[PDB]
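Protein chains in written order, with PDB author numbering: chain SC, 6 to 211; chain SW, 2 to 139; chain Sh, 88 to 136; chain ST, 8 to 158; chain SX, 23 to 120; chain SL, 1 to 97. Structure, as structure tokens:
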Amino acid sequence: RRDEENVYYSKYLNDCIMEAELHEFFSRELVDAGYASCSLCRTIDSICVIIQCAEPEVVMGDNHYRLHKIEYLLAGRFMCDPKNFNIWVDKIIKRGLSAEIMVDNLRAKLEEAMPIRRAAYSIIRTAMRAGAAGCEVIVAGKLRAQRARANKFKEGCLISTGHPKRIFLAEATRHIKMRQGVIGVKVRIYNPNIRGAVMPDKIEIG
Amino acid sequence: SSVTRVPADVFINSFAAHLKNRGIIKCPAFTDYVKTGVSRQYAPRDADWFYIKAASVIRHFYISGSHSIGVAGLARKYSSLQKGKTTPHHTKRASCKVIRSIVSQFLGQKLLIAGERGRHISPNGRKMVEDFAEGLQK
Amino acid sequence: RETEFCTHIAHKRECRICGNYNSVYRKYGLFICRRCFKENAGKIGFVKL
Amino acid sequence: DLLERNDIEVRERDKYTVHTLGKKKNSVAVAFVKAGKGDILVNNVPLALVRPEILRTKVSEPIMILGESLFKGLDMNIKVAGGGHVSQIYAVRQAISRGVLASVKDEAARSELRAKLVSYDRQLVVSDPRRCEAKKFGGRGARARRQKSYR
Amino acid sequence: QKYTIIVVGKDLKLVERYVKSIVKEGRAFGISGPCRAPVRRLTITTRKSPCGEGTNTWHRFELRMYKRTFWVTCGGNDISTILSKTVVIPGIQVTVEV
Amino acid sequence: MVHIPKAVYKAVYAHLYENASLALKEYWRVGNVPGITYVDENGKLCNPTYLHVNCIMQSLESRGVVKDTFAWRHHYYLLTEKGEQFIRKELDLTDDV
RNA sequence: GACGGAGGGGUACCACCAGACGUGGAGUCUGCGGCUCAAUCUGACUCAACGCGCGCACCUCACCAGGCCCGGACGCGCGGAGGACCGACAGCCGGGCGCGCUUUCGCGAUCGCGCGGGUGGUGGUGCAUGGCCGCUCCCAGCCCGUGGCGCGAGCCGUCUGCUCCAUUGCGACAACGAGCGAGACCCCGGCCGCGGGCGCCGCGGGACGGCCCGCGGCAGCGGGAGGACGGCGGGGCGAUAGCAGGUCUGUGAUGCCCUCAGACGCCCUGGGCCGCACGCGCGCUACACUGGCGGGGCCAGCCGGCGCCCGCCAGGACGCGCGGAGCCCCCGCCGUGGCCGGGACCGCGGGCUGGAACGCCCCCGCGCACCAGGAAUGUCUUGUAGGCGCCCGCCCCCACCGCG
């Protein structure tokens, strides 16, 4: 009762892979402004990117022209009309609770060569203060040695499996670079109070 | 209904015999030395095969009712599997040239009509299929 | 070297992310490395279940 | 052939009063009863002529359980789409029995035809779901895995 | 004039609200009942391993694409009024047709 | 050594100076960059070679006129202030512009 | 802690039992070993290597036989305008490309040279690594905080009881509270509504060991019923501590390292991975009559296009939006004969895809073993094994493959 050649589906696919290319460009572009979540909605050849971010000031700046130059860069790359590419940057609450900021902060803190335990212990505090009941930091590599090891420093109880894990955890992976070699840092933050619902097993019985 | 009440294979064999006496189809020269299908490596031993097939194409067109589908669709109906390979067996369609040469012959005799795309049973032909079924009924 | 450079014409399909010419997996029109797709399929919205 | 608007599209007008279904092993059947002379047809083919010739008895079990009187007035038109040959005969039997039940459903007499039919044959009225399982990686089937070379 | 509307949403929950909004904006313009297009399942099965070593475990990735059927008999300006009126949620497919 | 055309050198510089946006996908000798048009000495507006443009992209990086943020096989360049002054001198353009 | 040819408890078709249907024996396919070549690129080898790293004519491609070329960026010293750099007619060489030469028309600082510093790489090391998977691990295990116990390492909790499948519970106790893993959730299904329409698809309920009866403090156990569904579906996610398990050859992940202008950079051409005395692993087709033959009926699901002529086909021309298996069912036929089973190889052709077969398809030939497979073995209990087709992936062509 139809011709099965609907290209609406194919268009939907190319916006998803556009965000996916953006997510990576924004990571190279805004490690300074703590780039985190990205979404894209284009209504009728309008194009709007909502970048939830730790700080939008480096993204925007004087005349919001740093944001504009980034918008032009992507308008050119994605061949879209120049200036038609539009981005609104929002400041996120609970900076500590989002782990893409915390892992970003850790990787750059580790560069100044601070104690690796102290780095994790400081990051662990700012997530628990922001509310996360579960905080997990694992740094693995050739740390202070010529041999591999993994150093898990964890504060609190984190769910590790199941459907709640998908929506109640904030696992963020970053790869620090060091003269010895890559010492990737992994931070996972678990919030039972996610406001999207309740933990499947949490019976309030009050 | 009428022909549908009759077992289609019984109707096909009986009508094929009628079509030959009625002068419908008149089989071509190529059909004596040809094996239907790219799957079958053996020719039909029936010797009245081009009549039995010709009851199948026109009665299947009666089953179409108003579809107006083509020769390849009928060829698929009589298809079977190709063997003789170390690789597993896969279904291969019937030979189109035989099927084309009966649907065109039926339309040429005005038993079928080319309304659009393929062919649907003509009203003149519609009597023929029902007529024979009535003979089978008694 | 105008004649020499790139005289031969062939498909050079590669992952959009990696540039590797193997396992391109353009099933739905995604020019995606199978190993590279494993790295970034979450943003494309594919879900494991 | 799979659960589309095909259920009512086959017949325009000639309104059928009693609707019934019989569905097993992906073979779904929609049965429509006009309550005329009692004759039953499935897929344009009279029920007394069924493509499997041994499986005409399986299809004629609802009819064999009750007397001719029940089917003397119930005219059933059935339409089975999808599944397979054997899943279609099994489907037919379920739909014919839903049709008798629908005729006497309001009265407590629905119980009599449900007990007699079910006691003689289970699934005459009910439909065993038994759906097919899913192949998993490392095997050619849900319960079958490839031969292990060593150990 | 009647205009065709198609909405494609990857997440059922995100389109679920959009379909509820579609009736609550175009009720005067008689928006069509929301028939749902059968899910288009984009499925990719990939070996989980970067290499081929170990058991051949397979990582199944599926994107389910949902679509809804809508038609509005209204003026040329009126579709644009509903287009602004409907609840705007990000990453959605918006269709205006004839 | 590449005989990069001056017309292709200036047009790219203006495209970067005006848009602070150049995106160069990885490419080999075949193919032409989409979005740059250069005047031929034969009086024709055309499309420049990906290779010649690539050496301009590397000359500005080796000058420091840009900042590299390569991602997903696409180069990403934003004009730098030190470069912004430099581009004007080559294009015979003014600071007030 | 690990081991026991120690004892007691459990428990699992990667255990067996009762069975099943296989493999091994044959032909072929693909991978691995060896051998051989200019090269036959490599990873890796008990489970947890061996159709695995998702279809090698070219590219891929990493290998080899050659053949161009720079794309050495920038800085610094130095050189440069009638010329820094380079490009080509013919002839010849070289398959060939002013590659290069005889030569003589062009051409314009884009840059020549020496130094610092690039630049790439499917070069090496996975015993330098990240990430990612495999496996330990059909397995229930792990573990604080306070208190107890010992000089302590360490125990207690975290249990020699009974129950589950299960650190699942129940009961008792120097423990008392937690936590993570289990479970829960999630994805689909079968059932029943509420709405909606181009599309059967959005949202909910329904099943909980409730009920009955016995038995046990109990946890629960075993029967019955009632019901689509009955008592771990059919999946996904899979703690903790690990293994020098595998991947540097997936990448603008990467250290150390190696090459870097006759390059270990990239392109261009031709070959190789597919070479075969042989051994093995995963398969596919067999051994016939519970079959081949082949004339009709006829039903699929992941889900899906056809028409008209031309052609034995293979295909093709030409337009348009459309549209569906095998097995089995009946009726012939052959008649226990390596035969009318089997189709491996071979010889003519006819097509196709591509720039090109060395690829595939088809028609007429051709008719190898094979007459039920030794020691061994491998996976399984409901829509299950098996039989039977189909779809997609990687694809120019091509599946005895994988995932479905």
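Here a beta-carbon is modelled for each residue, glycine too, at the ideal position from N, C-alpha and C.
Can you tell which of the options has the C-alpha that lies nearest to the C-alpha of residue i?
i              : options                          : result
residue 33/ST  : 103/ST, 148/ST and 137/ST        : 137/ST
residue 22/SW  : 34/SW, 49/SW and 33/SW           : 49/SW
residue 92/SC  : 148/SC, 24/SC, 176/SC and 118/SC : 24/SC
residue 46/ST  : 82/ST, 152/ST, 147/ST and 143/ST : 82/ST
residue 69/ST  : 104/ST, 92/ST and 112/ST         : 104/ST
residue 122/Sh : 136/Sh, 106/Sh and 99/Sh         : 106/Sh
residue 130/Sh : 107/SC, 154/SC, 43/SC and 48/SC  : 43/SC
residue 5/SC   : 98/SC, 116/SC, 30/SC and 139/SC  : There is no way to answer for residue 5/SC, as the model of chain SC reaches only from 6 to 211.
residue 7/SL   : 1/SL, 81/SL, 97/SL and 52/SL     : 52/SL
residue 78/SL  : 12/SL, 20/SL, 4/SL and 54/SL     : 20/SL
residue 176/SC : 86/SC, 105/SC, 64/SC and 137/SC  : 105/SC
residue 54/SX  : 60/SX, 42/SX and 63/SX           : 42/SX
residue 169/SC : 202/SC, 53/SC, 152/SC and 181/SC : 202/SC
residue 95/SC  : 127/SC, 55/SC and 112/SC         : 55/SC
residue 121/SX : 23/SX, 98/SX, 97/SX and 57/SX    : The displayed coordinates of chain SX run from 23 to 120. Any statement about residue 121/SX would go beyond what the structure contains.
residue 43/SW  : 74/SW, 85/SW and 69/SW           : 85/SW
Using the Cβ count rule (16 or more neighbours within 10 Å means buried), how would you classify residue i?
i              : result
residue 3/SC   : It is not possible to answer for residue 3/SC, since the shown part of chain SC is limited to 6 through 211.
residue 91/SW  : exposed
residue 84/ST  : buried
residue 9/ST   : exposed
residue 124/Sh : buried
residue 24/SW  : exposed
residue 109/SC : buried
residue 102/Sh : buried
residue 95/ST  : buried
residue 30/SC  : buried
residue 88/SX  : buried
residue 133/Sh : buried
residue 76/SW  : buried
Which class does residue i belong to by DSSP, given the choice of helix, strand or coil?
i              : result
residue 31/SX  : strand
residue 156/ST : coil
residue 19/SL  : helix
residue 132/SW : helix
residue 93/SC  : strand
residue 87/SX  : strand
residue 49/ST  : strand
residue 30/ST  : strand
residue 59/SX  : strand
residue 102/ST : helix
residue 57/SC  : strand
residue 85/SL  : helix
residue 125/ST : helix
Cβ-heavy atom distance between residue i and the ligand HEM below 7 Å?
i              : result
residue 106/Sh : Absent from the structure shown: the ligand HEM. Ligands present: none.
Counting pairs of beta carbons, one from the segment 35-52 of chain SL and one from the segment 63-80 of chain SL, are three or more of them closer than 8 Å?
-> no
Where in the segment 75-107 of chain SW do unbroken runs of the beta strand (DSSP E), each at least 3 residues long, occur, reported from the N-terminal end onward?
-> 81-83 and 91-93
Identify every run of the beta strand (DSSP E) within the segment 99-155 of chain SC, keeping only runs that are complete inside it and at least 3 residues long; order them along the chain.
-> 139-146
Quick one: complete alpha helix (DSSP H) runs, 4+ long, within the segment 4-40 of chain SW?
-> 9-23
On the three-pair Cβ rule with 8 Å, is the segment 71-82 of chain SC touching the segment 159-170 of chain SC?
-> no
Counting Cβ pairs closer than 8 Å, one from the segment 66-84 of chain SX and one from the segment 27-36 of chain SL, do we hit at least three?
-> no
Are there three or more Cβ pairs, one per stretch, closer than 8 Å when the segment 37-53 of chain SC is compared with the segment 46-54 of chain SX?
-> no
Is the segment 25-34 of chain SW close to the segment 49-61 of chain SW, with three or more CB pairs under 8 Å?
-> yes
Evaluate the contact criterion for the segment 123-133 of chain SW versus the segment 58-75 of chain SW: three or more CB pairs, one atom per stretch, below 8 Å.
-> yes
Contact the segment 35-46 of chain SW vs the segment 76-85 of chain SW: 3+ CB pairs below 8 Å | yes
Is there contact between the segment 89-104 of chain Sh and the segment 96-103 of chain SW, where contact requires at least three CB pairs shorter than 8 Å?
-> no
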